[PDB]
Amino acid sequence: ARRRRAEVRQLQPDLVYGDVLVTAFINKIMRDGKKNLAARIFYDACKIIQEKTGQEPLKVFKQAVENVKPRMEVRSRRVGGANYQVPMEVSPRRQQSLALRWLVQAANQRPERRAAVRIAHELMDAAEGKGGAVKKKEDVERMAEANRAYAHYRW
Amino acid sequence: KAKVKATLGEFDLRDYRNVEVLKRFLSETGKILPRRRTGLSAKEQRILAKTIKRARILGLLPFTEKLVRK
Amino acid sequence: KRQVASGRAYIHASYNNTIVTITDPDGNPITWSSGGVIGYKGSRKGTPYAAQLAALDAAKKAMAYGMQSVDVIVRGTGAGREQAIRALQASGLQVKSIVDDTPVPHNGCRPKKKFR
RNA sequence: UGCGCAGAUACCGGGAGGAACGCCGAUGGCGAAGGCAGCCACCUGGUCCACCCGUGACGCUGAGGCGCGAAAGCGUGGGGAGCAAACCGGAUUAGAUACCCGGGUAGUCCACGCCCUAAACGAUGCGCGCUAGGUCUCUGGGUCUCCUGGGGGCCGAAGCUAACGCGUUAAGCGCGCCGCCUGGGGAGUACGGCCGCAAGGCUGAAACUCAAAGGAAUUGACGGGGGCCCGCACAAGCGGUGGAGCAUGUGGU
Ligand SMILES: [Mg+2]
Ligand SMILES: [Mg+2]
Ligand SMILES: [Mg+2]
Ligand SMILES: [Mg+2]
Ligand SMILES: [Mg+2]
Ligand SMILES: [Mg+2]
Ligand SMILES: [Mg+2]
Ligand SMILES: [Mg+2]
Ligand SMILES: [Mg+2]
Ligand SMILES: [Mg+2]
Ligand SMILES: [Mg+2]
Ligand SMILES: [Mg+2]
Ligand SMILES: [Mg+2]
Ligand SMILES: [Mg+2]
Ligand SMILES: [Mg+2]
Ligand SMILES: [Mg+2]
Ligand SMILES: [Mg+2]
Ligand SMILES: [Mg+2]
Ligand SMILES: [Mg+2]
Ligand SMILES: [Mg+2]
Ligand SMILES: [Mg+2]
Ligand SMILES: [Mg+2]
Ligand SMILES: [Mg+2]
Ligand SMILES: [Mg+2]
Ligand SMILES: [Mg+2]
Ligand SMILES: [Mg+2]
Ligand SMILES: [Mg+2]
Ligand SMILES: [Mg+2]
Ligand SMILES: [Mg+2]
Ligand SMILES: [Mg+2]
Ligand SMILES: [Mg+2]
Ligand SMILES: [Mg+2]
Ligand SMILES: [Mg+2]
Ligand SMILES: [Mg+2]
Ligand SMILES: [Mg+2]
Ligand SMILES: [Mg+2]
Ligand SMILES: [Mg+2]
Ligand SMILES: [Mg+2]
Ligand SMILES: [Mg+2]
Ligand SMILES: [Mg+2]
Ligand SMILES: [Mg+2]
Ligand SMILES: [Mg+2]
Ligand SMILES: [Mg+2]
Ligand SMILES: [Mg+2]
Ligand SMILES: [Mg+2]
Ligand SMILES: [Mg+2]
Ligand SMILES: [Mg+2]
Ligand SMILES: [Mg+2]
Ligand SMILES: [Mg+2]
Ligand SMILES: [Mg+2]
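Residues numbered from 1 in each chain as written, not as in the entry; some residues may be left out. Chains lettered and ligands numbered in written order. Part of a larger assembly, values for the part shown. Heavy atoms only, no water.

As deposited, the entry is annotated with X-ray crystallography as its determination method and 3.5000 Å as its resolution.

Named according to the PDB entry, chain C is 30S ribosomal protein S11 originating from Thermus thermophilus. Under its PDB record, the entry appears with the title "Serial Femtosecond X-ray Crystal Structure of 30S ribosomal subunit from Thermus thermophilus in complex with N1MS". According to its UniProt record, chain C has this under Function: "Located on the upper part of the platform of the 30S subunit, where it bridges several disparate RNA helices of the 16S rRNA. Forms part of the Shine-Dalgarno cleft in the 70S ribosome, where it interacts both with the Shine-Dalgarno helix and mRNA." In UniProt, chain C has this text filed under Sequence similarities: "Belongs to the universal ribosomal protein uS11 family." (UniProt positions renumbered as here; feature names shortened; annotations may be inferred.)

Under the PDB entry, the name given to chain A is 30S ribosomal protein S7, and the source organism is Thermus thermophilus. Recorded under Sequence similarities, the UniProt text for chain A is reproduced unchanged: "Belongs to the universal ribosomal protein uS7 family."

Novice: Tell me about the sheet that holds strand β5 (residues 94-100) of chain C, and please be specific about residues and values.
Specialist: All names here are of chain C. Pairing is mixed across the open sheet formed by five strands, whose spatial order is β3-β2-β1-β4-β5. Only two strands of the sheet have a single neighbouring strand rather than two, namely β3 (29-34) and β5. Taking each pair of neighbouring strands and ignoring which way they run, the sheet shows an average axis angle of 20 degrees. For strand β1 (residues 6-13) and strand β4 (residues 69-75), the ladder comprises seven bridges, and the chain directions are parallel. Each bridged residue has a counterpart across the sheet, and for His12 the counterpart in β4 is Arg75. Packed on one face of the sheet, helix α1 (residues 48-64) meets β2 (18-23) and β3 and runs near 155 degrees to β3. Contacts from helix α2 (residues 81-89) reach β1, β2, β4 and β5, with the element oriented near 155 degrees to β1. (Pairing = 2+ DSSP bridges. Helix = DSSP H or I, 4+ residues; strand = E, 2+ residues; numbered from the N terminus. Axes fitted to C-alpha atoms, helices over the stretch in contact; angles between N-to-C directions. Contact = heavy atoms within 4.5 Å.)

Novice: Lay out a positive patch on the surface with the relevant residues and their values.
Specialist: Residue and element names in this part refer to chain B. Together, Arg14, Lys43, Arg46, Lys50, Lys53 and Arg54 line one region of the surface with positive charge. Turning to its location among the elements, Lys43 is positioned in helix α3 (residues 42-57). A relative accessible area of 56% places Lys43 in the exposed class. (Patch = residues over 30% accessible without salt bridge, like charges linked within 9 Å, V, L, I, M, F, W, Y side chains within 5 Å. Areas by Shrake-Rupley, 256 points an atom, 1.4 Å probe, with all protein chains shown as cover. Salt bridge = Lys/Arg side-chain N within 4 Å of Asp/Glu carboxyl O. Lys, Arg positive; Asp, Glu negative; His and termini not counted. Charge placed at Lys NZ, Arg CZ, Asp CG, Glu CD. Buried < 20%, exposed > 50% of the residue type's maximum accessible area, 1.4 Å probe, protein only.)

Novice: Before we move on, could you go through a nonpolar patch on the surface and cite the residues and values that matter?
Specialist: Residue and element names in this part refer to chain B. A cluster of nonpolar side chains, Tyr16, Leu58 and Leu60, forms an exposed patch at the surface whose accessible area comes to about 270 Å². Topologically, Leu58 is positioned in the segment after α3. Given the relative accessible area of 55%, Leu58 is considered exposed.

Novice: Which residues make up the layout of surface pockets, and what are the values?
Specialist: Residue and element names in this part refer to chain A. Taken as a whole, the largest pocket encloses approximately 330 Å³ of empty space. Surrounding the largest pocket, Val8, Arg9, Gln10, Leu11, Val20, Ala24, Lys28, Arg93, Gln96, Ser97, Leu100 and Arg101 form its lining. Mapped onto the lining of the largest pocket, the elements with two or more residues apiece are α1 (20-29) and α4 (92-108). If one sorts the elements of the lining of the largest pocket by residue count, α4 sits on top with five residues. Grouping the constituent residues of the lining of the largest pocket by class yields five nonpolar, three polar and four charged. (1 Å grid on protein atoms, 1.4 Å probe; cavity = no way out; pocket = protein on both sides within 12 Å on 5 of 7 lines; lining within 4 Å. Points joined across faces, edges and corners; volume = space filled by probe spheres on them. Nonpolar A, V, L, I, M, F, W, Y, C, P; charged D, E, K, R; others polar.)

As structure tokens, then:
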């Protein structure tokens, strides 16, 4: 976007939870344009997390997303020859996409056979502070505070 | 900001021994204020400089000072 | 083993490193730190974060001798010259006064080709 | 590389030594040019203003001569902190006989004697007379919004100029005198001479060779020049190719 701000798309509220954060997550699961497949995966995974754990799948979904949100990341900036890893804050919009993507990516590295089984379990672990999505978040937050010597390059 | 000659009396620019007035022309450091800040004429600045430098040798005016700030 | 409880802290800031010395009121040093005293080795020493830690490393060492009041003396231009000071103010050591004493010649010595 | 446990760097005190003068400092001042910045005293040159006193054309320029002449370099003797040709190393690199980093001799400073070059530039020789102004400034005098000298800048009348530009600080208009130029390369070379301790300087060709060498300005183009702004150009993101097997096209054979 060289000209405009590139306004953000406004997703449709969820059909079940009326929540936009759910619909965006269902999209991240969808592949090859099969949204009916993605929603059935996400919604069946709500049954797994609501039975094997006696809490609201709505609240755990949000609680899992909040724990994967990184507060800081690193970016590369060309300075006097080779560039540097420069730590800087994450836009709240960027914390949205990053956590969701990591949650879906981490759940597919899981052992579980069926998709919804991986999603529910990943969300359960992510909500508890463990799980593969939180590791990526913690490892990124490790990149910051490590190259923190370059905090003068903020840009 | 006011200029040094503006808030001052009728003083001898050639008297190297009057420190109370000559101190007024030095900065927070021992440097001599430029003509913008002294309001003095071209000839008056030439005279002030040598008389200030004179007093610096008698120990009456400092060569350089230390800035208490930043 | 001294208990001076007050003294002076000198900040020497160059573009290649920043180092801090902490002395008693008559000027004799107590403890000191630098960008090399903390882990940093190369051009990282000239970074302000190094100046921040070096200041805090020296501050904590002065705590062991009981330092509370600190008069700050600054010498040199360089990155983290200020960042070294702002680390001293929040180190717990009360900063009594800050003075810039950087030695400037009256054009007495011919500089290296670098500086001409 | 180097320096540091034989205790550096950083910090306080004391001492030694050499070189250069921060601020003031200026787009400023002074000199014939080179050039001249701490302060004090002595010796001393130039220059400018007022008075309208004195001399009474005593003036201008100037081949030769003579004196001066940044830096570097030379001789003798000193001096030597910092910088630093050469050089010793460390890196970089395709290579590094360099740019960058650590060292370091001459030298840079002083005295006395040489050397005589320079983009020694205003690339504009000196003196005098004449030709609109406006503005900034250094320095004198004045009845001191200002007038009047003598310098240093910028715009600009007329005019000049190939053009840029110059324009009472002429590159204008005139006059006097000195120096100097006659296409480029060869060549500031060869020879001879004069000078020099040397390095070299002053003077300064020919054969041969070429149809050019040059100046200013124009439109473009380019910049590892500047500003401003676009495109899935980058970035953010999603799926790919490069691997496998096959289909097809090309290279090669
Ligand atoms: Mg590059
Ligand atoms: Mg360094
Ligand atoms: Mg060693
Ligand atoms: Mg050793
Ligand atoms: Mg000392
Ligand atoms: Mg010595
Ligand atoms: Mg100056
Ligand atoms: Mg002159
Ligand atoms: Mg000159
Ligand atoms: Mg005199
Ligand atoms: Mg005189
Ligand atoms: Mg008369
Ligand atoms: Mg007569
Ligand atoms: Mg004459
Ligand atoms: Mg002659
Ligand atoms: Mg001579
Ligand atoms: Mg000479
Ligand atoms: Mg010389
Ligand atoms: Mg010599
Ligand atoms: Mg050196
Ligand atoms: Mg060197
Ligand atoms: Mg080498
Ligand atoms: Mg090598
Ligand atoms: Mg190369
Ligand atoms: Mg000559
Ligand atoms: Mg002529
Ligand atoms: Mg007057
Ligand atoms: Mg004039
Ligand atoms: Mg003009
Ligand atoms: Mg005309
Ligand atoms: Mg004339
Ligand atoms: Mg002409
Ligand atoms: Mg000639
Ligand atoms: Mg010819
Ligand atoms: Mg010729
Ligand atoms: Mg020659
Ligand atoms: Mg001959
Ligand atoms: Mg000869
Ligand atoms: Mg001879
Ligand atoms: Mg020689
Ligand atoms: Mg020669
Ligand atoms: Mg030419
Ligand atoms: Mg041309
Ligand atoms: Mg045009
Ligand atoms: Mg262009
Ligand atoms: Mg290139
Ligand atoms: Mg570059
Ligand atoms: Mg693209
Ligand atoms: Mg991309
Ligand atoms: Mg293939």
